[PDB]
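Below is one structure, written out as C-alpha cells; the observations come after it.
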Amino acid sequence: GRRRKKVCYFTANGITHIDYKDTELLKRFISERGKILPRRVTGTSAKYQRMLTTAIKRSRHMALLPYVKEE
Amino acid sequence: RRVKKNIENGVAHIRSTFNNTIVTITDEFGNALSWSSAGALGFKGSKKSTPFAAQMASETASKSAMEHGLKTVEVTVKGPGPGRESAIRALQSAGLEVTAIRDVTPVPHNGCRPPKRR
Amino acid sequence: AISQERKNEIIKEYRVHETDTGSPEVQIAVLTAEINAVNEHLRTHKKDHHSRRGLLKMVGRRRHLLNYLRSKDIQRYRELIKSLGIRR
Amino acid sequence: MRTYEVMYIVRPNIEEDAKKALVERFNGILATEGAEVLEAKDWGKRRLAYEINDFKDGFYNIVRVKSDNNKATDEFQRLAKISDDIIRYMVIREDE
Amino acid sequence: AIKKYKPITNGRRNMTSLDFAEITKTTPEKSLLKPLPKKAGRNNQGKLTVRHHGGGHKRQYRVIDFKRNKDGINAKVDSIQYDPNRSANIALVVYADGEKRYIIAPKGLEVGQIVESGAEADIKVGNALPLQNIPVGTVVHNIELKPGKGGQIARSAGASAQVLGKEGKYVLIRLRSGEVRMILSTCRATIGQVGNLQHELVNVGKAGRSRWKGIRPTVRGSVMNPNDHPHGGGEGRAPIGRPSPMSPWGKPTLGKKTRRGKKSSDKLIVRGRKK
RNA sequence: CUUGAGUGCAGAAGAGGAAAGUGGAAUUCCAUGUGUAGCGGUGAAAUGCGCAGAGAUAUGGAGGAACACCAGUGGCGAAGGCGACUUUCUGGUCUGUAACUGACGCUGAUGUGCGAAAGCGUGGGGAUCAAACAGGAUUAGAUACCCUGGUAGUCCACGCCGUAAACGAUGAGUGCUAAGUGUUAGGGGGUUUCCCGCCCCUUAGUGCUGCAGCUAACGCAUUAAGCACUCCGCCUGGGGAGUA
Ligand SMILES: [Mg+2]
C-alpha cells in the first residue's frame with residue numbers, strides 16, 4: 001500500500017494541466033520510443049494518469065508530440 | 001549505374017518468420033540489389049527454421065552486395081524468429097561496417113481482426 | 001437541462017413564501033420545465049436510454065408529489081393544474 | 001457563455017503576406033458573429049514530430065474566444081477543411 | 001417519404017407512392033413554360049425505332065438554366081414546384097434582378113435560402129462555381145463536360161459525384177456508377193446532392209401506372225414466332241437454343257461490350273468500374 | 001415534530017448516453033522504381049501465388065473497419081454494456097451543508113419499455129476475419145481438427161425478433177453484530193515555514209485474510225448464505241418434456 005515507487009510525485013503539478021503548453025511535464029511522463037510510462041514507474045497518483053493521458057493525446061493531433069519515435 | 005549502385009552506406013532489411021527468413025541489402029533510399037532465402041540454398045521447411053540459415057544467407061547475399069561494393073550498411077529487423085540475432089553476428093563476420101540496428105517489429109493498433117485460429 | 005438561473009427565478013413567483021425552496025408546488029413546476037426540455041431533446045434523438053429512464057423517474061415523482069398536494073390541500077391542487085396547464 | 005481556446009496550423013510555403021491577410025481575416029471569422037476575439041498570439045514556427053501533408057515543419061497560431069457556443073466553431077470548421085492553407089486545427093474548452 | 005396504401009382490392013396491395021412534403025405551390029409560372037408534343041419513340045419519318053413508348057399523359061416543358069451562366073449575382077428561393085419529365089423535383093428562383101428561372105432541387109433546400117452562381121461564391125449547397133476551386137472530398141451535381149453548354153452529370157435523383165483530387169489540368173472525379181474521368185478545370189458546377197431520394201422505392205403498383213406516365217408493353221422474345229425474333233418458335237415453351245442471348249436484331253446483350261474503343265475520351269476514361 | 005424521502009447551496013469525479021467532426025499506425029488492392037526463382041504453409045507434406053518478374057524493398061494513391069501504450073481486483077451505469085481524441089445536447093451518483101417543505105415512504109400482481117451475439121426485412125458499404133462450399137493432407141474412412149482460398153455475414157441507418165452459464169447460477173428495501181488490510185472520489189483536524197508531503201478520524205462503493213454465528217459440506221463473514229421485518233416471484237421425486 002503501495003509497493004510501487006514513491007507516493008506523491010504530483011507536488012509540482014495540479015490542479016489542471018497541461019494541456020499542451022508545457023514540455024516540462026511532458027517527456028518526464030513518457031518513454032523515448034513514444035509509448036507511455038505506466039503508473040508503476042513514475043510514482044504519480046491515479047487521476048493524473050487519467051489527465052496526462054488525454055493531455056498528450058491532444059498534443060498528438062496538434063503534432064506537438066509523436067505517435068511514435070523509434071528512428 | 002544503374003544495375004551497379006556503388007556506395008559506402010546502404011540498407012539491409014531482414015525477415016524471419018518461424019519457418020523462413022529472407023534478407024536483402026539495398027540503398028539508403030532504398031533500391032534493391034541482393035537477397036537470399038534459406039530455401040534457395042537447398043534447405044527445406046524444417047531446416048529454414050535454423051539459426052545457421054541466418055549466417056549462410058547473410059554471407060550469400062553479402063557477397064554480391066560487396067561485389068557492387070559496400071563498406072557500411074544499416075540493418076532493419078522484423079520477424080520474431082530465431083535468426084534475427086544470428087544473421088547480425090555472421091554478417092559482421094563478412095567484414096562489413098554496420099553502425100545501427102533498428103528493430104521495427106510492425107505492430108498495429110488493432111487495424112483488423114487477426115485469425116481466430118487457434 | 002436546466003440552469004440555475006431559470007430555476008432560481010421561477011421559484012420566486014410560485015414559492016408559497018419567501019425563504020422557501022421546497023413546498024412541492026415549486027418541485028412540480030421545476031420538474032415540469034425539465035421534462036419539457038428533455039422531451040424535445042428526446043424527439044430530436046428518437047433513441048436513447050438515459051433520458052427515458054430519467055424522465056420516468058421525474059414524471060413518476062411528479063405524480064407522487066401531486067398526489068400529496070391533493071390531500072394536504074385541494075385548492076392549491078386545482079390552482080396549479082390550471083396555472084401550469086398540466087395533468088388533465 | 002463559455003471559454004474556448006483554439007489552435008490553427010498553416011504551411012510555411014505560403015508568402016508572408018497571405019499569412020497576414022489570412023490571420024486578420026481569420027480572427028475576423030471568429031469575431032464577426034458577436035463572439036469575442038479576446039487574446040490572439042502566435043506560437044509561430046516550429047518543427048513537427050511528423051509530417052502531416054508532406055511538411056516536416058510548419059506554423060502555429062493560438063487565439064482565444066469566450067462566447068456562447070454558436071458563433072465561432074460553427075464557422076471555423078466549415079472554413080477549415082476546405083481551405084488548403086489551414087492544415088489541422090483543434091478547439092477545446094477551458095480544461096487542462 | 002412513401003405512404004403505403006391500405007389494401008382494399010387486388011390492384012393496390014403492393015402499391016406505394018410518394019408523400020409530396022417538399023412542395024409549396026402546385027401551379028407553375030406561365031412564362032418559362034414551353035409546349036411539347038410527343039413522338040412515341042419514332043423518327044422524322046414515322047417509323048418505330050425505339051420500342052414501347054407512347055400512350056401516356058400530356059405535359060409541358062419547364063425550362064432550366066443548367067448553365068447557371070450569370071455569375072456573382074446573389075439570388076433567393078421563394079418556391080418549389082413539381083416536374084413530371086424528371087425524377088428530380090425542381091425549384092423556382094427569384095434572382096436579384098427580378099428574373100425567374102427554374103433549377104433542379106438539391107436535398108435539404110430551405111425556401112428563403114439564398115444561392116449564388118459565381119467564382120467568389122463560397123461553398124454551400126446550391127452555389128454554382130467551377131471545379132478547380134472546389135476542395136477535394138465533396139459531392140457535386142450538374143457538372144458540364146464542356147464550358148458553357150449546360151450540365152449533363154449527376155442531374156438525376158439522389159446523391160452525386162465525388163472529387164478525389166485534382167491536377168491543374170485536367171481534374172479527376174468519381175461518379176455514382178463509381179467510375180472515373182478526367183474533367184476540365186473550368187467547367188461550371190455546383191454542390192450538394194439532388195433532391196428526391198426515394199423516387200425508387202415507389203412500387204408502381206399496377207399496370208396502368210406505367211401507362212399513365214406513359215410507357216407501354218414489351219413482349220418477350222421466346223414467345224414470338226421465329227421471323228420476328230431469333231429465340232421464337234418452338235413447340236410448347238421455348239428454351240433459348242442458341243448460346244449468346246440475342247437482341248431481336250442479332251447483336252447480343254449478355255456480357256458483350258459495345259463501347260467503341262476509338263473514341264477520343266478513352267484516355268480520359270480510367271478505372272472503368274460500372275458499365 | 002424531524003431522524004426516513006425529496007428540494008436546496010458550494011463542490012468532486014467519471015469509458016454514462018445520442019449526433020457530427022478530426023488523426024496515426026497496420027492489413028489489403030492497385031500503380032510506379034529496384035531486382036531474381038522462389039514465396040507461403042506443416043509435426044511431415046501437398047493445393048495455391050510466381051518468369052505476364054512474385055515475394056521482398058521504397059514512394060505515393062484509394063478504400064472500409066478497429067483504435068498500441070495508457071489499463072489497474074480502476075471507474076461509470078439499473079442490467080445488456082461502455083475504452084483513440086474534440087465540440088453540441090444530456091441523464092444520474094457521492095460528499096459537506098443545513099437554512100428549506102414536514103412522512104410525501106417500501107414492495108409491486110396485470111401493463112408498459114430497454115435488452116449481448118446470432119437472426120430477419122428495406123436500402124447503402126465491402127479492408128480484414130469467416131459458417132456453408134471447393135481443393136489439398138491426415139485417416140481404415142473424416143462430409144472433423146491441420147492447410148490454401150472463400151459467399152452470406154461481420155459494418156452503417158430505419159424497422160422487427162425479444163432469448164443466454166443475461167452468473168456472484170445469491171430478488172428489492174431498511175435496521176443491528178469482532179477486527180485487520182490494501183484500493184478509488186471526497187471531507188475535518190494535528191504536526192509542516194507552507195502537508196503537497198506524515199499521521200488520526202469520517203462518509204460512499206470497491207477487493208482479500210479472518211471471529212462470533214450459520215451451513216449437510218465446500219464455504220459467507222458489515223459488499224452476510226449471520227440476527228430479524230415487510231412486499232414480490234418461484235419449488236414440491238426423475239424420464240416422459242420445456243414435448244403435445
Ligand atoms: Mg466503508
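Going by the C-alpha cells order, chains are called A, B, ..., each with residues numbered from 1, while ligands are numbered from 1 in the order shown.
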
Name the residues in contact with stretch 22-29 of chain A at a cut-off of 9 Å, using only C-alpha atoms (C1' of nucleotides), excluding same-chain residues fewer than 3 positions from it; report them as a short mmCIF file (atom, residue, chain, number, x, y, z; two decimals) with N, CA, C and O atoms, in the first residue's frame.
```cif
data_model
loop_
_atom_site.label_atom_id
_atom_site.label_comp_id
_atom_site.auth_asym_id
_atom_site.auth_seq_id
_atom_site.Cartn_x
_atom_site.Cartn_y
_atom_site.Cartn_z
N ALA A 12 4.52 19.00 -7.87
CA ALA A 12 4.83 20.03 -8.86
C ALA A 12 3.85 20.06 -10.03
O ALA A 12 4.16 20.69 -11.04
N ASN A 13 2.70 19.39 -9.93
CA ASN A 13 1.63 19.56 -10.91
C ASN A 13 0.28 19.62 -10.22
O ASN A 13 0.07 19.05 -9.14
N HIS A 17 -3.86 20.60 -15.78
CA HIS A 17 -2.64 20.66 -16.57
C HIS A 17 -2.72 19.53 -17.59
O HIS A 17 -3.27 18.48 -17.30
N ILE A 18 -2.14 19.73 -18.78
CA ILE A 18 -1.21 20.81 -19.13
C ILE A 18 -1.83 22.08 -19.77
O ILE A 18 -1.76 23.13 -19.13
N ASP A 19 -2.44 22.06 -20.96
CA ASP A 19 -2.85 20.89 -21.75
C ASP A 19 -1.87 20.46 -22.84
O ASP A 19 -1.75 19.27 -23.13
N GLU A 32 11.27 7.18 -24.42
CA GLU A 32 11.97 7.74 -25.57
C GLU A 32 11.48 7.13 -26.87
O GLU A 32 11.65 7.74 -27.93
N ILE A 36 3.99 5.18 -23.48
CA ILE A 36 3.82 5.85 -22.20
C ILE A 36 4.47 5.05 -21.08
O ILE A 36 4.53 3.82 -21.13
N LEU A 37 4.97 5.76 -20.08
CA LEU A 37 5.37 5.15 -18.84
C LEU A 37 4.13 4.83 -18.01
O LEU A 37 3.33 5.73 -17.75
N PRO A 38 3.93 3.59 -17.58
CA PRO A 38 2.79 3.33 -16.69
C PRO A 38 2.94 4.01 -15.34
O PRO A 38 3.93 4.69 -15.05
N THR A 42 6.38 5.90 -12.58
CA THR A 42 6.53 7.32 -12.31
C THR A 42 6.28 7.64 -10.85
O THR A 42 6.85 8.60 -10.31
N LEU A 52 -3.08 13.30 -17.83
CA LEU A 52 -1.94 13.44 -18.71
C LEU A 52 -2.07 12.55 -19.93
O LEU A 52 -1.51 12.86 -20.99
N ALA A 55 -3.94 14.63 -22.15
CA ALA A 55 -3.08 15.76 -22.45
C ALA A 55 -2.19 15.45 -23.63
O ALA A 55 -2.16 16.19 -24.63
N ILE A 56 -1.45 14.35 -23.54
CA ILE A 56 -0.56 14.02 -24.63
C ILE A 56 -1.35 13.67 -25.87
O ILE A 56 -0.92 13.97 -26.99
#
```

Practice item. Excluding stretch 16-28 of chain C and residues on its chain fewer than 4 positions from it, collect all residues at most 9 Å away from it, counting only C-alpha atoms (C1' of nucleotides), and give them as a list in words. Key: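 The filter keeps residues 10, 11, 12, 32, 33, 61, 62, 63, 65, 66, 68, 69, 76, 77 and 80 of chain C; 6, 7, 8, 99, 100 and 101 of chain F.
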
Review point. Excluding same-chain residues fewer than 3 positions from stretch 78-84 of chain F, what lies within 10 Å of it counting only C-alpha atoms (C1' of nucleotides), as a list in words?
Key: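 Within the cut-off, the hits are residues 54 and 57 of chain A; 109 of chain B; 53 of chain C; 15, 16, 17, 23, 24, 67, 71, 114, 115, 116 and 166 of chain F.
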
How would the residues just picked look written out with N, CA and C atoms (P, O5', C5', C4', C3', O3' and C1' of nucleotides) as a PDB file, in the first residue's frame?
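Wrote it out as result_19.pdb, contents follow:
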```pdb
ATOM      1  N   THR A  54      -4.937  12.110 -21.731  1.00  0.00           N
ATOM      2  CA  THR A  54      -5.611  12.946 -22.708  1.00  0.00           C
ATOM      3  C   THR A  54      -4.800  14.176 -23.058  1.00  0.00           C
ATOM      4  N   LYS A  57      -2.513  13.038 -25.716  1.00  0.00           N
ATOM      5  CA  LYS A  57      -3.294  12.699 -26.899  1.00  0.00           C
ATOM      6  C   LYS A  57      -3.730  13.948 -27.649  1.00  0.00           C
TER       7      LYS A  57
ATOM      8  N   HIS B 109      -2.344  -0.940 -34.116  1.00  0.00           N
ATOM      9  CA  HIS B 109      -3.264  -0.580 -33.061  1.00  0.00           C
ATOM     10  C   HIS B 109      -4.620  -1.241 -33.272  1.00  0.00           C
TER      11      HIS B 109
ATOM     12  N   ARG C  53     -35.358   6.785 -19.015  1.00  0.00           N
ATOM     13  CA  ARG C  53     -35.144   6.434 -17.622  1.00  0.00           C
ATOM     14  C   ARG C  53     -35.265   7.675 -16.747  1.00  0.00           C
TER      15      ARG C  53
ATOM     16  P     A F  15     -12.993   8.628 -17.793  1.00  0.00           P
ATOM     17  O5'   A F  15     -13.064   7.334 -18.720  1.00  0.00           O
ATOM     18  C5'   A F  15     -13.173   7.434 -20.131  1.00  0.00           C
ATOM     19  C4'   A F  15     -14.401   6.730 -20.660  1.00  0.00           C
ATOM     20  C3'   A F  15     -15.555   6.535 -19.687  1.00  0.00           C
ATOM     21  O3'   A F  15     -16.399   7.668 -19.608  1.00  0.00           O
ATOM     22  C1'   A F  15     -15.146   4.533 -20.904  1.00  0.00           C
ATOM     23  P     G F  16     -17.563   7.736 -18.508  1.00  0.00           P
ATOM     24  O5'   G F  16     -18.830   7.074 -19.203  1.00  0.00           O
ATOM     25  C5'   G F  16     -19.324   5.825 -18.756  1.00  0.00           C
ATOM     26  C4'   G F  16     -20.816   5.703 -18.907  1.00  0.00           C
ATOM     27  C3'   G F  16     -21.405   6.120 -20.234  1.00  0.00           C
ATOM     28  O3'   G F  16     -21.233   5.161 -21.260  1.00  0.00           O
ATOM     29  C1'   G F  16     -22.657   7.087 -18.529  1.00  0.00           C
ATOM     30  P     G F  17     -20.984   5.648 -22.771  1.00  0.00           P
ATOM     31  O5'   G F  17     -22.418   6.130 -23.244  1.00  0.00           O
ATOM     32  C5'   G F  17     -23.495   5.219 -23.209  1.00  0.00           C
ATOM     33  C4'   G F  17     -24.806   5.861 -23.583  1.00  0.00           C
ATOM     34  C3'   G F  17     -24.896   6.443 -24.974  1.00  0.00           C
ATOM     35  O3'   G F  17     -25.142   5.469 -25.963  1.00  0.00           O
ATOM     36  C1'   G F  17     -25.725   8.004 -23.437  1.00  0.00           C
ATOM     37  P     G F  23      -7.961  14.969 -40.782  1.00  0.00           P
ATOM     38  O5'   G F  23      -7.136  14.063 -39.771  1.00  0.00           O
ATOM     39  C5'   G F  23      -6.147  14.641 -38.939  1.00  0.00           C
ATOM     40  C4'   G F  23      -5.386  13.600 -38.164  1.00  0.00           C
ATOM     41  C3'   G F  23      -4.842  12.449 -38.979  1.00  0.00           C
ATOM     42  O3'   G F  23      -3.604  12.752 -39.598  1.00  0.00           O
ATOM     43  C1'   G F  23      -5.867  11.633 -36.994  1.00  0.00           C
ATOM     44  P     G F  24      -2.908  11.691 -40.587  1.00  0.00           P
ATOM     45  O5'   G F  24      -2.281  10.599 -39.618  1.00  0.00           O
ATOM     46  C5'   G F  24      -1.087  10.872 -38.906  1.00  0.00           C
ATOM     47  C4'   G F  24      -0.620   9.685 -38.102  1.00  0.00           C
ATOM     48  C3'   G F  24      -0.469   8.380 -38.852  1.00  0.00           C
ATOM     49  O3'   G F  24       0.715   8.292 -39.617  1.00  0.00           O
ATOM     50  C1'   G F  24      -1.615   7.975 -36.851  1.00  0.00           C
ATOM     51  P     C F  67     -12.511  -1.207 -31.108  1.00  0.00           P
ATOM     52  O5'   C F  67     -10.940  -0.971 -31.112  1.00  0.00           O
ATOM     53  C5'   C F  67     -10.354   0.014 -30.278  1.00  0.00           C
ATOM     54  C4'   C F  67      -8.953   0.356 -30.717  1.00  0.00           C
ATOM     55  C3'   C F  67      -8.228   1.366 -29.834  1.00  0.00           C
ATOM     56  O3'   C F  67      -6.843   1.058 -29.756  1.00  0.00           O
ATOM     57  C1'   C F  67      -8.433   2.235 -32.024  1.00  0.00           C
ATOM     58  P     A F  71      -2.878   3.448 -16.641  1.00  0.00           P
ATOM     59  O5'   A F  71      -3.386   1.984 -16.977  1.00  0.00           O
ATOM     60  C5'   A F  71      -2.697   0.837 -16.508  1.00  0.00           C
ATOM     61  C4'   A F  71      -3.581  -0.367 -16.621  1.00  0.00           C
ATOM     62  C3'   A F  71      -3.258  -1.285 -17.782  1.00  0.00           C
ATOM     63  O3'   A F  71      -3.717  -2.607 -17.504  1.00  0.00           O
ATOM     64  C1'   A F  71      -5.342  -0.259 -18.161  1.00  0.00           C
ATOM     65  P     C F 114     -38.450   0.345 -26.364  1.00  0.00           P
ATOM     66  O5'   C F 114     -37.248   0.034 -25.357  1.00  0.00           O
ATOM     67  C5'   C F 114     -36.173   0.949 -25.216  1.00  0.00           C
ATOM     68  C4'   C F 114     -35.018   0.410 -24.402  1.00  0.00           C
ATOM     69  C3'   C F 114     -34.214  -0.736 -24.978  1.00  0.00           C
ATOM     70  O3'   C F 114     -33.305  -0.349 -25.993  1.00  0.00           O
ATOM     71  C1'   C F 114     -34.618  -1.150 -22.705  1.00  0.00           C
ATOM     72  P     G F 115     -32.694  -1.443 -27.005  1.00  0.00           P
ATOM     73  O5'   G F 115     -32.327  -2.679 -26.082  1.00  0.00           O
ATOM     74  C5'   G F 115     -31.085  -2.714 -25.414  1.00  0.00           C
ATOM     75  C4'   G F 115     -30.874  -4.003 -24.656  1.00  0.00           C
ATOM     76  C3'   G F 115     -30.802  -5.260 -25.493  1.00  0.00           C
ATOM     77  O3'   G F 115     -29.519  -5.438 -26.057  1.00  0.00           O
ATOM     78  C1'   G F 115     -32.223  -5.627 -23.663  1.00  0.00           C
ATOM     79  P     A F 116     -29.316  -6.274 -27.409  1.00  0.00           P
ATOM     80  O5'   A F 116     -27.947  -7.029 -27.154  1.00  0.00           O
ATOM     81  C5'   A F 116     -26.911  -6.379 -26.439  1.00  0.00           C
ATOM     82  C4'   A F 116     -25.676  -7.237 -26.325  1.00  0.00           C
ATOM     83  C3'   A F 116     -25.205  -7.923 -27.594  1.00  0.00           C
ATOM     84  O3'   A F 116     -24.464  -7.069 -28.445  1.00  0.00           O
ATOM     85  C1'   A F 116     -25.190  -9.465 -25.811  1.00  0.00           C
ATOM     86  P     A F 166     -23.813 -15.900 -18.978  1.00  0.00           P
ATOM     87  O5'   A F 166     -25.304 -15.481 -19.298  1.00  0.00           O
ATOM     88  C5'   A F 166     -26.205 -15.225 -18.245  1.00  0.00           C
ATOM     89  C4'   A F 166     -26.632 -13.783 -18.265  1.00  0.00           C
ATOM     90  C3'   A F 166     -27.580 -13.319 -17.188  1.00  0.00           C
ATOM     91  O3'   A F 166     -26.933 -13.114 -15.951  1.00  0.00           O
ATOM     92  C1'   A F 166     -28.196 -12.385 -19.261  1.00  0.00           C
TER      93        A F 166
END
```

Practice item. Output the neighbourhood of ligand 1 as a VMD selection string, that is, all protein and nucleic acid residues with some atom at most 10 Å from the ligand, counting only C-alpha atoms (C1' of nucleotides) and all ligand atoms. Key: chain F and resid 202 to 206 222 to 223

Review point. Can you tell me, as a ChimeraX atom specification, what residues are no more than 10 Å from residue C:31 when counting only C-alpha atoms (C1' of nucleotides), ignoring any on the same chain fewer than 5 positions away?
Key: /C:2,7,26,36-37,55,58-59,61-62

Exercise for review: Do a neighbour search on stretch 59-73 of chain D at 7 Å with only C-alpha atoms (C1' of nucleotides), toss out local chain neighbours closer than 5 positions, and write the hits as a ChimeraX atom specification.
Suggested key: /D:1-12,30,33,35-46

With C-alpha atoms retained, export the selected residues as an mmCIF file, in the first residue's frame.
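In the end it all went to selection24.cif:
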```
data_model
loop_
_atom_site.group_PDB
_atom_site.id
_atom_site.type_symbol
_atom_site.label_atom_id
_atom_site.label_comp_id
_atom_site.auth_asym_id
_atom_site.auth_seq_id
_atom_site.Cartn_x
_atom_site.Cartn_y
_atom_site.Cartn_z
ATOM 1 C CA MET D 1 -21.164 31.780 -22.499
ATOM 2 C CA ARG D 2 -18.107 29.562 -22.235
ATOM 3 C CA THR D 3 -14.373 29.747 -22.735
ATOM 4 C CA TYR D 4 -12.827 28.345 -25.908
ATOM 5 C CA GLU D 5 -9.221 28.189 -26.951
ATOM 6 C CA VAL D 6 -8.261 27.210 -30.468
ATOM 7 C CA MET D 7 -5.118 26.332 -32.383
ATOM 8 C CA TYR D 8 -4.699 26.566 -36.128
ATOM 9 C CA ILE D 9 -1.808 25.497 -38.275
ATOM 10 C CA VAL D 10 -0.585 26.828 -41.603
ATOM 11 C CA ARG D 11 2.052 25.761 -44.066
ATOM 12 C CA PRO D 12 5.415 27.517 -44.364
ATOM 13 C CA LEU D 30 -14.199 34.198 -35.138
ATOM 14 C CA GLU D 33 -20.873 36.893 -35.256
ATOM 15 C CA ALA D 35 -18.251 36.142 -30.176
ATOM 16 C CA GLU D 36 -15.165 37.857 -28.905
ATOM 17 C CA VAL D 37 -11.678 37.534 -30.249
ATOM 18 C CA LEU D 38 -10.005 38.143 -26.910
ATOM 19 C CA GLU D 39 -6.317 37.347 -26.814
ATOM 20 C CA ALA D 40 -4.535 36.437 -30.043
ATOM 21 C CA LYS D 41 -0.912 35.314 -30.188
ATOM 22 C CA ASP D 42 1.444 33.214 -32.308
ATOM 23 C CA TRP D 43 3.463 30.288 -31.043
ATOM 24 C CA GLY D 44 4.832 30.521 -34.550
ATOM 25 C CA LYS D 45 7.351 28.479 -36.462
ATOM 26 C CA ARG D 46 8.164 25.020 -35.167
#
```

Determine, using only C-alpha atoms (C1' of nucleotides), which residues of chain B have any atom at most 8 Å from an atom of chain F, and tabulate each with its shortest atom pair and distance in Å to one decimal place, rows ordered by chain and then rising number, as a tab-separated table.
```
residue	atom	partner	partner_atom	distance
B:13	CA	F:57	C1'	7.9
B:22	CA	F:56	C1'	7.6
B:24	CA	F:56	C1'	7.5
B:26	CA	F:57	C1'	7.5
B:29	CA	F:58	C1'	6.3
B:30	CA	F:58	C1'	5.5
B:31	CA	F:34	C1'	4.4
B:32	CA	F:34	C1'	4.6
B:33	CA	F:35	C1'	5.8
B:34	CA	F:35	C1'	7.3
B:39	CA	F:38	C1'	7.9
B:40	CA	F:38	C1'	6.9
B:106	CA	F:26	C1'	7.7
B:107	CA	F:26	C1'	6.9
B:108	CA	F:26	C1'	4.4
B:109	CA	F:68	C1'	4.5
B:110	CA	F:66	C1'	5.7
B:111	CA	F:66	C1'	5.1
B:112	CA	F:128	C1'	5.2
B:113	CA	F:129	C1'	5.5
B:114	CA	F:129	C1'	6.8
B:115	CA	F:129	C1'	6.2
B:116	CA	F:129	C1'	7.6
```

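From atom CA of residue E:240 back to atom CA of residue E:215, the distance works out to 27.3 Å.
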
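Of the listed residues F:46, F:241, F:51, F:89, the one whose atoms come nearest to chain C is F:89, with distances taken using only C-alpha atoms (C1' of nucleotides).
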
Can you list every residue of chain D that has an atom at most 12 Å from chain F, with its nearest atom pair and the distance in Å to one decimal, using only C-alpha atoms (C1' of nucleotides), ordered by chain then number, as CSV?
```
residue,atom,partner,partner_atom,distance
D:4,CA,F:87,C1',10.3
D:5,CA,F:86,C1',11.7
D:6,CA,F:86,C1',10.8
D:49,CA,F:24,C1',11.8
D:50,CA,F:24,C1',9.8
D:51,CA,F:24,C1',10.8
D:52,CA,F:23,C1',9.6
D:53,CA,F:60,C1',11.8
D:54,CA,F:60,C1',10.8
D:68,CA,F:88,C1',11.5
D:69,CA,F:88,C1',8.0
D:70,CA,F:88,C1',9.1
D:72,CA,F:87,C1',11.2
D:73,CA,F:87,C1',8.2
D:74,CA,F:87,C1',9.6
D:76,CA,F:21,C1',11.7
D:77,CA,F:21,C1',8.2
D:78,CA,F:21,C1',10.3
D:80,CA,F:22,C1',11.1
D:81,CA,F:22,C1',9.8
D:87,CA,F:22,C1',11.4
D:88,CA,F:22,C1',8.5
D:89,CA,F:22,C1',8.4
D:90,CA,F:86,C1',6.9
D:91,CA,F:86,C1',6.6
D:92,CA,F:86,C1',6.5
D:93,CA,F:87,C1',8.8
```
